[PDB]
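As a starting point, one isolated chain is supplied in structure tokens, in the form deposited in one PDB entry.
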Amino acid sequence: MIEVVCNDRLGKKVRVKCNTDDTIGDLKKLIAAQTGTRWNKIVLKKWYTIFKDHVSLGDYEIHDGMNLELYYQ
């Protein structure tokens, strides 16, 4: 299992729950299909890494309990 906190730099705090097996596309939908912040305009990047759907929480060094930057524009 892998927990990922989606810190809304815009002005909010929304924690998420997923796992290594999960992918970027799924994660994007996890938040988008909850708070309604889309999955395209939303800037979901941990520190500064391009989160591509063709992955599984690994290419960007993912751990079970980390924070991610969430910029809304």
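We number the residues from 1 along the sequence you see.
From this point on, the text means the form solved in complex with a partner chain, which you will not see here.
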| property | result |
| --- | --- |
| Heavy atom of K29 within 4.5 Å of the partner chain in the bound PDB entry | yes |
| Non-hydrogen atom contact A33 with the partner chain in the bound PDB entry at 4.5 angstroms | yes |
| The partner chain contact in the bound PDB entry: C18, any heavy atom under 4.5 Å | yes |
| The partner chain contact in the bound PDB entry: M1, any heavy atom under 4.5 Å | yes |
